[PDB]
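One structure is given here, and the rest of the page talks about it.
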Amino acid sequence: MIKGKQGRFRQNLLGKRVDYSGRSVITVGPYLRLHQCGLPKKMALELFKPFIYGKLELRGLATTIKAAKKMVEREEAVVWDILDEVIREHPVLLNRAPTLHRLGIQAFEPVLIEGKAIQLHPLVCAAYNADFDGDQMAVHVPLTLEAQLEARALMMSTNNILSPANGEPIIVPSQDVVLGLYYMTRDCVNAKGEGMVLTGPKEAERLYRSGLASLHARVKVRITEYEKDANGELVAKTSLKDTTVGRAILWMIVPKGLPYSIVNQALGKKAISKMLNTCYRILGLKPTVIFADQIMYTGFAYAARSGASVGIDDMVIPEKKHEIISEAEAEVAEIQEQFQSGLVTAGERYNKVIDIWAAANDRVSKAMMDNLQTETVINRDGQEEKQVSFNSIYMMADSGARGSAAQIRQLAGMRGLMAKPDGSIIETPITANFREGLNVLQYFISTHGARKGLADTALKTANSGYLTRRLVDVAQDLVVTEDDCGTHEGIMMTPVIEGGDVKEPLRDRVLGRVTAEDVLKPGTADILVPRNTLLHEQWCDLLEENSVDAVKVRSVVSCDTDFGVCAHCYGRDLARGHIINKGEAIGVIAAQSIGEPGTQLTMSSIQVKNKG
Amino acid sequence: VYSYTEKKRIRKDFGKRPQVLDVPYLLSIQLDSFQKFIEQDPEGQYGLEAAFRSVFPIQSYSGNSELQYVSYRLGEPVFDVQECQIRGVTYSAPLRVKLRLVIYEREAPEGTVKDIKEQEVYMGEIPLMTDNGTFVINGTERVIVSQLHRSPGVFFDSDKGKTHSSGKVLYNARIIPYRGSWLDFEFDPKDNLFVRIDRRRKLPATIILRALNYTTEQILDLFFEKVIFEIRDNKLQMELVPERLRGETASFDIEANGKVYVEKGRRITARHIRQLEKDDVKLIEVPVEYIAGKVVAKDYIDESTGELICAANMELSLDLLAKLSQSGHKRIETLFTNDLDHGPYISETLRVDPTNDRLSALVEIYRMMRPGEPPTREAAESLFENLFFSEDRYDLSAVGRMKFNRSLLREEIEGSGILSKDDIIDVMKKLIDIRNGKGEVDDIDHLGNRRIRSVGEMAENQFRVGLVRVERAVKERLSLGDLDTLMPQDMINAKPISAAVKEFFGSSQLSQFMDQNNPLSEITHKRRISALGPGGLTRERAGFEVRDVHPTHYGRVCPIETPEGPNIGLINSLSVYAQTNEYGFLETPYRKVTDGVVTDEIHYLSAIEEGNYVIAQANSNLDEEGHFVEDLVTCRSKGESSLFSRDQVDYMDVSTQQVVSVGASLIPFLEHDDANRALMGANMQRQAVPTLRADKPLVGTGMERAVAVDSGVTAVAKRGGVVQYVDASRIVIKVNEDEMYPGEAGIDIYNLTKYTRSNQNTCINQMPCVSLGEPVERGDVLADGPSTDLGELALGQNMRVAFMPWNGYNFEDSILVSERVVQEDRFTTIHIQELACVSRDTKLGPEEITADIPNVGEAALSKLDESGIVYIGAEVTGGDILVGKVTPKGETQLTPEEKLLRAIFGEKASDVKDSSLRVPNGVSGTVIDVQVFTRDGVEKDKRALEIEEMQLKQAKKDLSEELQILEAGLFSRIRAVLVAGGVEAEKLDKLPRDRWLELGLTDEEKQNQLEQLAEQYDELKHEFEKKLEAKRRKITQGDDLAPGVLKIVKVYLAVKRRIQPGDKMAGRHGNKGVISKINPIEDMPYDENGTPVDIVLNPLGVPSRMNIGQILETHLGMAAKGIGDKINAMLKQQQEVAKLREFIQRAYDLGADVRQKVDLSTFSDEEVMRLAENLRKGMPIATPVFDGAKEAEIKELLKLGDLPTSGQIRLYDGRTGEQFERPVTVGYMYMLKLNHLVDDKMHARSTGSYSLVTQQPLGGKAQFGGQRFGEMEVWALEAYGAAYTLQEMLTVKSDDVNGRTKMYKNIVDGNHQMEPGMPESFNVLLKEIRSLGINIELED
DNA sequence: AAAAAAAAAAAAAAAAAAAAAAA
DNA sequence: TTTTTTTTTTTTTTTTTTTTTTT
Ligand SMILES: [Mg+2]
Ligand SMILES: [Zn+2]
């Protein structure tokens, strides 16, 4: 009875078929806010059934319970109203299948749709990692009032903009919203509405909707920015600024605090996340949720109105491709002939061959990236001039919507030298992009790398699973149980130098984490910040301005606590920003953060380069 | 030329390379194997003949009684296929074996047998295989997927020792036999050869050789050559071999022949060796100290007293040299020692050899195989012989022998299936050679060494197992055999063989339930090559050298097609042209190339034979003579690829698609596609549900036709002629006169298959695709199957798509769909379920199927019948009773007063609990059929008798109508004969059909033919009567069921799902998607002249996950529908042939370089009009996979229609009415509807049925189950502070009955509150521990 | 002899022997 | 030079069909 699977020690760990559960296939949910989960009718009248009974018998529509049951099973119109009332605010928990992250059990409010598919806000499709190609999520509910308050406070989808592991947001515009934003703000040298001064953003939207001025139109407007220059005060300044009509239109969605220049570039996937993060740090949380909703909506709408579509003719191939490949073929011909004469050994010949193939591949990649990018020569109302192109493939790649330069290179340039199944690089590469056809030999070669990649991913799945399990097995012990251990032995953090390639400055690896000793400016006897102080962003900026190369930071690796870890000695929670409150387990935060990003993991003389 | 069915719709084809070997008959690997299994083989080399003659003859030990096998025969099956589907039994047939038993007298072994006997005794029943290569074993088609495994033979595998942190290579030889016990050898890290028979406790490799009766001197001579020596004065002279001096240095001054060849310290350079050979330098003086390092070769014994001076395998010490010198041993022959080329590792093995006695090695083996047993000479010898030498317990099959002989470079191709001394000796020889830098190693993932085992071989294997078992029983009985008092029926027993074979074809990992939800799924699941199964690589033990793709898969196994996920690359498919070599190695066809002339004659090459020559890739051009236009033509070689000269080519491929499989060659523009997405596309196509009305794909590959024809579900004709009578359930074909039999032709009666359930709930409906009176040629398509359209396979449907990101609803990969696609209802399947209700007889009386049920309203009983079974065509819904079933109120309960009641019998009119089988919650349906099955000895009730009478009357009708139609054909033939001779019209038509032979006819063969036809008529009457009686008997007799069941009634629900916002459509290039919304017709974006668009996919799925094939498919589809619209416009104006014929000819030409070359001039303009009618909604375009259709051709084809060359059109936005800037693509991507249907996925749960012992909510979609709250979700909650929700996921919603009830009370009462307190599980555990003497108390 | 119920479908413990160190 | 102690490396032990039991 105390042994084996039926052993009553390891019984609540194997797995419990919890009630009030659910399932469904998933469907995109634009028109939802960022804290709403479209739940089906046919599944929301079989989850909140007892709640419906309660609010029904209490209202007296059917006092006796069996009458209430027979009413709900009768689909009477009143039960829809009662169900709407009960689900008015009754958070549900949507859980994806492999729950590596701690975001994988986020909880939303319900809004009822018809049909049968658990809708799901697009932006929150990243933490889940779902892809809307058959992914299925389970709906649990919290019954007891404490559990309701937890699902609304600790887990609601609008209180987890920042993922546990990495501080920066994980509600980041992803696939079409960024393409829409990118299109909505791009500098076109000459188009309708060029050369004029309209008004603030309102007349810009009026101009665009009427069709008078094209969306891309370098034009001056009068945006006014409320910058927080004064101490916690919206200081407003307005002035005629150059922009694009589309940029002025998008500026209406930015909240008050941000400066205008936050949106004057051609917003990619990078600048958009930077804008969202800046909105977080400057104006707190709730404006960031409002602004994420607004950016998603005003991205989808203008992506649609753009109609960016991938015609085949927009995967332009260089005209120099065949010439470069002929030159490479001549090169390998001469090298092979020389090897046959014995002047160069077999290994050297092979290495030279692959090197010249790499060189030719680089040439072709540069040529195609130059044809795709730029290459759009158009009149500016005077003579001609070139601007960054609008080809849908290049527009995607520059925007970073989905597909970086490598893949479009594979679409138009030579698709490289595929390594043989062992791993040795094939001497004769694939000399045909995808737009032109492959050959049976070339395609049969590509299958090698393809299948090896698939199998290695399938194995690394379970590999990362085992690693997470070990980590959470040895980390679950901890829990932040001490406000302050009052130590002095914190490690001294410095920028990390990868053999002359310092990548992480002191910014990140000391961000938030609490200093042990008072930060001393390099100027003598000049204490920069006191001892036990939190290193939030402004103090980090002070560190940058003073450029401190080493600061002593408290570390959980040695905190004077009996069975936990000091709150101060841990730092910021890196899921909410403020110092970790007493209790929030960090072991099963850590284990999972050092877990989930595992499957992504792949399975003579010094020349001084800087002044010093 | 084109047959009628072909001429119905000519598929425009863009192919360039002229086919020389058309696509073979798919499923050949299955039918050929099975016909090999059952067919009576006179030579008996393979099949049941081989197994019988292997197990036979039989005789008990000194029994003077020999049992011999005469012949075998496979009688007719008791049932036929269709009633086998209906009933549920195997589609098996008896297996009658003619055996003969003969017995002699005493002291007369060679004397004449005193008594004999012979009989055709029943020998088990064997499953058969239908015409589609499937087995109907339990009312369902099970397919025996052929397996792939390491072939029998020897494989000197390096086995790279990545362990030991040393890089040393532990060369391994493995003599794998087809049947027996293995035998492998390997070098240990200490350079000592070791053996582990069947992977038990390792032994020194020498042991078997000294267990083989080889003396140590013999062992040394076999493994090692020797060096001769002679005592000749001081510094004894030894035979110098300059060749042996290779790879050696002069340890002493080599000053022979009066010349200083090599001074001490210098190597023996090739100059010095050549000088030695030139002068014939031979045995010369050498130092004794130099010889001291040698090893004695033989066992030198002092001849003076015959005392062993030293056995061999010992180093030479100068004292031993002097001792043998005094004894007169002039010869000091030593084993030739070296390491660079002749490393004597087996000498070290002999040193490690614990013993030398033959019996000692036998004892070693005896303990090795069976540890701890009492050692014994006789048993040890028997073990040693039977492990390898005895045929019964060891057999390298002929494939094994061939591979073994070829691996050892033997001149011979055929030999005995057992090993021998020289076999293992040569294996050891080559093993040490390889370790000595002589010979590479084999890689098991090279298809020469892999082998393909079909159904027939597996059946023969299991049947041989059964045969040896029954033979053992036969010997058992014969040893106790009585004198001629029993014939070969007591000695025999059919049960073991039948049980074994039905266990195999049934419960085995290679008898999977056939994947029938599409013709392509069926044919792919047949042609499958699995690496799993018995004697194979389990899906976790296999590593990565087999999940990879070897460079000989080309032409033998499709790289693209394979399931992904857990077992990727273990389940390879088969190429379209691949076959199986006579031994069973995957061959492939190649075009013979004599000089520049690529001769169209075709040669089939195995795996190894491919490397010996140089092959040209399929799409290498020619110049109308077979000469390669490009002289330095690209070609492939022994795993290589280079530009070989025009004459350095010995073979060329047959076609541009022999690298792929049908499961992935249906993909169009497969060349312009990444391998990952083509793989996922092939997997998707394999599982596409067959929609309501089949729609010919608008962009095919020319392989859909053959796949559909040869798949099996297309009701292909048998003889040409005319279609006498079409119908929704039957086609009768009047045979063309030439093809008629010698008598009684004019009858096909193709019984189409009206609606019936498939193996995944998809209607298998066959419709007739021939107009009445239309002629039909042999082998054409009379009736479209599920997902077929005039023969062409049609998996999904067209759908005018426009790649553009609409307002979000296609965000990640989602897919809009206009209401039109669901309004006109072009995606709508006909899933047909099968609910089975049974009536067992448990304790306390039988189960009753009466309509009488307690605690049920009149509404439930309204639609039932009196018996308790719903009427056919009853539009049931959720909760309605399909079958009224009840049980007799539990069991013996209450108290002994209850036993008193049972003695008096209870007093309950009901006295029965309700156990009726209702519709599962959430499914509608219209009942099609309700079959009833009865255990023998159970009288059929009202519903049963109703169905019985119905089926009997229908069968009477069927036999009557087939007899009538055949009689009509016979009398039509009689009338045709009577046209010439006896042509009296008035006399003929006056009298009735009673007598049409009494008419006048002179002495001619015509009246003899009429007499033959009359005999046929009377035979038809009698045969009809006998068939009628047999069918009546089969219908009436009750069918045996599982034990304890009186009767079972099975009802087939039929439902009509509809495309809805959770399904999963998907294109063919792996571009999945879940339908995200069903918009109104307006909100969709419409092109310039009004027509909306029926899908709006997401463009950003193209650039990454590179599958730009689908864009080319969209464009070419747009051009196809463009030509279709042009033809439709011409027809609507009722244009006159010339316009049509011209336009169609022009469209079909399009032939800068093509192979169609069709001509509509000689096309019988009526048939041109029919062609226009069949093309008026699209001009189907083919595009063979790698000989595709170039872009410029697509531009021209679009230009033939008025559509723009770009392939993009301006789309207006429906909701606003403005223009989308940035013009957008619009074409016809042939989209599927995979059967991941939302309403089979979604599954709610509040307080449904709970579990048995776990007492948790019952899990499983089939029983209203809630999603599993596994561990990782528990961690997910722990990371959050959320604790009460976890504590309630564990206790108040898993097992706490009191907590469950209390929480329900609070929720209904309007209070949201758990009850604080330790879960009772803690209390149960606490009492469990307290059961043991453990305090286990609590604390504060 | 037939029918019904139970269960099957590499890690580490111990010890022999080789080598180090102390008398 | 011999004995004893310690190390380490080798070996061996730990949902369906069929079998055994019962009537
Ligand atoms: Mg997915
Ligand atoms: Zn601390």
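Please note that chains go A, B, ... in the order of the structure tokens, that every chain numbers its residues from 1, and that ligands are numbered from 1 in the order shown.
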
Distance filter 12 Å around ligand 1, atoms: only C-alpha atoms (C1' of nucleotides) and all ligand atoms, out as an MDAnalysis selection string: (chainID A and resid 25:26 96:98 125:126 128:137) or (chainID B and resid 812:814 1064 1071:1074)

Polymer residues at most 12 Å from residue 1125 (chain B), only C-alpha atoms (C1' of nucleotides), same-chain spacing of 5 or more positions, as a ChimeraX atom specification: /B:1118-1120,1130-1132,1172-1173,1175-1179,1198,1200-1203

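Among all protein and nucleic acid residues, the ones that lie within 7 Å of ligand 2 when counting only C-alpha atoms (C1' of nucleotides) and all ligand atoms are residues 484, 485, 486, 487, 554, 555, 556, 558, 559, 560, 565, 566, 567, 568, 569 and 570 of chain A.
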
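Excluding residue 18 (chain B) and any residue on its chain fewer than 2 positions from it, the residues at most 10 Å away by only C-alpha atoms (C1' of nucleotides) are residues 15, 16, 20, 21, 22, 654, 655, 656, 1154, 1155 and 1156 of chain B.
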
Interface rows for region 116-193 of chain A against region 363-377 of chain A: nearest pair, Å to one decimal, 12 Å, only C-alpha atoms, as CSV:
```
residue,atom,partner,partner_atom,distance
A:188,CA,A:376,CA,10.4
A:189,CA,A:377,CA,9.9
A:190,CA,A:377,CA,11.1
```

Could you list, as a list in words, every residue of chain B that has an atom within 12 Å of an atom of chain D, counting only C-alpha atoms (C1' of nucleotides)? residues 201, 202, 371, 499, 500, 503, 506, 507 and 508 of chain B

Given the selection you just returned, output its residues as a file containing C-alpha atoms, formatted as an mmCIF file, in the first residue's frame.
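In the end it all went to out_27.cif:
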```cif
data_model
loop_
_atom_site.group_PDB
_atom_site.id
_atom_site.type_symbol
_atom_site.label_atom_id
_atom_site.label_comp_id
_atom_site.auth_asym_id
_atom_site.auth_seq_id
_atom_site.Cartn_x
_atom_site.Cartn_y
_atom_site.Cartn_z
ATOM 1 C CA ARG B 201 28.392 -13.980 -21.153
ATOM 2 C CA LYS B 202 31.335 -13.095 -23.386
ATOM 3 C CA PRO B 371 24.397 -21.107 -16.387
ATOM 4 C CA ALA B 499 -4.510 -20.456 -33.639
ATOM 5 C CA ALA B 500 -0.959 -19.368 -34.467
ATOM 6 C CA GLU B 503 -2.938 -14.778 -33.828
ATOM 7 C CA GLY B 506 -5.001 -10.687 -36.011
ATOM 8 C CA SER B 507 -3.225 -9.697 -32.821
ATOM 9 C CA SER B 508 0.118 -8.571 -34.222
#
```

Going by DSSP on the backbone, which residues of region 1102-1311 of chain B come out as strand (DSSP E or B)? List them as a compact mmCIF listing (two decimals) with N, CA and C atoms, in the first residue's frame.
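File written: states32.txt
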```txt
# COMPACT_ATOMS: atom_id res chain seq x y z
N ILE B 1181 -5.03 20.52 -65.47
CA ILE B 1181 -3.64 20.67 -65.88
C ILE B 1181 -2.80 19.71 -65.06
N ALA B 1182 -1.97 18.93 -65.73
CA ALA B 1182 -1.04 18.03 -65.07
C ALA B 1182 0.35 18.65 -65.04
N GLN B 1208 -1.85 38.16 -60.39
CA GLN B 1208 -2.46 38.99 -59.36
C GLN B 1208 -3.54 39.87 -59.98
N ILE B 1209 -4.60 40.11 -59.21
CA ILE B 1209 -5.71 40.96 -59.62
C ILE B 1209 -5.96 41.96 -58.50
N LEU B 1211 -8.20 43.45 -55.80
CA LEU B 1211 -9.33 42.99 -55.01
C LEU B 1211 -9.92 44.18 -54.27
N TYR B 1212 -11.23 44.34 -54.34
CA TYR B 1212 -11.91 45.33 -53.54
C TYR B 1212 -12.26 44.75 -52.18
N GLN B 1219 -10.60 50.07 -52.58
CA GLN B 1219 -9.66 49.22 -53.28
C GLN B 1219 -8.51 48.87 -52.35
N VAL B 1224 -3.30 41.88 -55.36
CA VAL B 1224 -3.20 40.66 -54.57
C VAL B 1224 -3.38 39.44 -55.45
N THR B 1225 -2.76 38.33 -55.05
CA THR B 1225 -2.90 37.07 -55.77
C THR B 1225 -4.32 36.53 -55.63
N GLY B 1227 -6.11 32.68 -57.03
CA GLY B 1227 -6.11 31.51 -57.89
C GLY B 1227 -6.91 30.38 -57.33
N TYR B 1228 -6.64 29.14 -57.74
CA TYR B 1228 -7.47 28.00 -57.35
C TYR B 1228 -6.61 26.92 -56.70
N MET B 1231 -7.81 22.63 -52.08
CA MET B 1231 -7.68 22.45 -50.64
C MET B 1231 -8.42 21.22 -50.16
N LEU B 1232 -7.87 20.59 -49.13
CA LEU B 1232 -8.43 19.40 -48.52
C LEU B 1232 -9.23 19.79 -47.28
N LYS B 1233 -9.83 18.79 -46.63
CA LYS B 1233 -10.48 18.96 -45.33
C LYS B 1233 -10.07 17.78 -44.46
N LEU B 1234 -8.93 17.88 -43.79
CA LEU B 1234 -8.47 16.76 -42.99
C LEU B 1234 -9.46 16.46 -41.89
N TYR B 1250 -17.84 9.15 -12.98
CA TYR B 1250 -16.54 9.07 -12.34
C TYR B 1250 -15.89 7.72 -12.63
N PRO B 1257 -12.85 11.80 -11.89
CA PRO B 1257 -13.69 11.90 -13.08
C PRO B 1257 -13.17 11.01 -14.19
N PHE B 1269 -4.95 16.83 -15.75
CA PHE B 1269 -4.18 17.85 -15.05
C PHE B 1269 -2.87 17.21 -14.61
```

For a test of reading the model, state the distance in Å between CA of residue 161 (chain A) and CA of residue 103 (chain A), rounded to one decimal.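 Atom-to-atom, CA of residue 161 (chain A) to CA of residue 103 (chain A), that is 10.0 Å.
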
Choose the residue, out of A:606, A:510, A:118, A:83, that has the smallest atom-to-atom separation from chain B; count only C-alpha atoms.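 Of the candidates, the smallest distance to chain B is held by A:118.
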
As a PyMOL selection string, please: the residues near region 519-523 of chain A (cut-off 8 Å, only C-alpha atoms (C1' of nucleotides), same-chain neighbours under 3 positions excluded). chain A and resi 515+526-531+546+548+551-552

Do me a favour and pick out the residues of chain C within 12 Å of chain B, using only C-alpha atoms (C1' of nucleotides), as a list in words.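 Here they are: residues 2, 3 and 4 of chain C.
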
Got a sec: who's within 12 Å of residue 350 (chain B), counting only C-alpha atoms (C1' of nucleotides), leaving out chain neighbours fewer than 4 positions off, as an MDAnalysis selection string? chainID B and resid 191:194 203:210 215:217 219:220 223 311:314 344:346 354:356

With C-alpha atoms retained, write the just-selected residues as a short mmCIF file (atom, residue, chain, number, x, y, z; two decimals), in the first residue's frame.
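As a result, part32.cif now contains:
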```cif
data_model
loop_
_atom_site.label_atom_id
_atom_site.label_comp_id
_atom_site.auth_asym_id
_atom_site.auth_seq_id
_atom_site.Cartn_x
_atom_site.Cartn_y
_atom_site.Cartn_z
CA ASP B 191 43.14 -6.61 -28.65
CA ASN B 192 41.73 -10.04 -27.88
CA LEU B 193 39.02 -11.59 -30.02
CA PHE B 194 35.90 -12.56 -28.07
CA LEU B 203 33.85 -15.86 -24.12
CA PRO B 204 37.26 -15.82 -25.81
CA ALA B 205 36.77 -16.15 -29.55
CA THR B 206 39.21 -19.06 -29.66
CA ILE B 207 36.88 -21.20 -27.57
CA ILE B 208 34.52 -22.25 -30.37
CA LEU B 209 37.47 -23.10 -32.58
CA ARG B 210 38.91 -25.32 -29.87
CA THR B 215 44.24 -28.49 -31.94
CA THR B 216 46.26 -25.50 -30.76
CA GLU B 217 48.82 -26.15 -33.49
CA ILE B 219 44.43 -23.21 -34.66
CA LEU B 220 47.73 -21.36 -34.99
CA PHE B 223 44.97 -18.19 -38.16
CA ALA B 311 53.87 -25.79 -26.39
CA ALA B 312 53.29 -23.20 -29.09
CA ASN B 313 52.28 -19.59 -28.39
CA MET B 314 55.29 -18.98 -26.12
CA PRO B 344 48.38 -11.82 -34.18
CA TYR B 345 45.59 -10.80 -31.83
CA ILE B 346 44.37 -14.40 -31.73
CA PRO B 354 41.71 -20.58 -19.93
CA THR B 355 41.89 -24.17 -21.22
CA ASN B 356 42.65 -26.27 -24.31
#
```

Test item: residues at most 7 Å from residue 123 (chain B), only C-alpha atoms (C1' of nucleotides), excluding those fewer than 6 positions along its chain, as a PyMOL selection string: chain B and resi 95-97+494

From CA of residue 117 (chain A) to CA of residue 43 (chain A) the spacing works out at 9.2 Å

As an MDAnalysis selection string, please: every residue in region 97-259 of chain A that a backbone DSSP assignment puts in helix (DSSP H, G or I). chainID A and resid 103:105 125:128 145:153 157:159 176:184 201:209 245:251

List the spatial neighbours of residue 597 (chain B) as JSON, numbers by chain - criterion: any atom at most 6 Å away, only C-alpha atoms (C1' of nucleotides), same-chain residues fewer than 3 positions off excluded. {"B": [593, 594, 626, 627]}

Limited to N, CA, C and O atoms, could you put the picked residues into a file as a PDB file, in the first residue's frame?
```
ATOM      1  N   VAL B 593      21.834   1.807 -71.372  1.00  0.00           N
ATOM      2  CA  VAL B 593      22.521   2.791 -72.199  1.00  0.00           C
ATOM      3  C   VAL B 593      23.677   2.077 -72.882  1.00  0.00           C
ATOM      4  O   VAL B 593      24.708   1.798 -72.258  1.00  0.00           O
ATOM      5  N   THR B 594      23.507   1.776 -74.165  1.00  0.00           N
ATOM      6  CA  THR B 594      24.583   1.289 -75.013  1.00  0.00           C
ATOM      7  C   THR B 594      25.113   2.473 -75.810  1.00  0.00           C
ATOM      8  O   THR B 594      24.354   3.110 -76.547  1.00  0.00           O
ATOM      9  N   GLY B 626      18.536   9.162 -78.108  1.00  0.00           N
ATOM     10  CA  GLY B 626      19.068   8.690 -76.855  1.00  0.00           C
ATOM     11  C   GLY B 626      20.423   9.258 -76.504  1.00  0.00           C
ATOM     12  O   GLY B 626      20.856   9.121 -75.354  1.00  0.00           O
ATOM     13  N   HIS B 627      21.104   9.896 -77.451  1.00  0.00           N
ATOM     14  CA  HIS B 627      22.380  10.524 -77.154  1.00  0.00           C
ATOM     15  C   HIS B 627      22.169  11.735 -76.254  1.00  0.00           C
ATOM     16  O   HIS B 627      21.222  12.506 -76.431  1.00  0.00           O
TER      17      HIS B 627
END
```
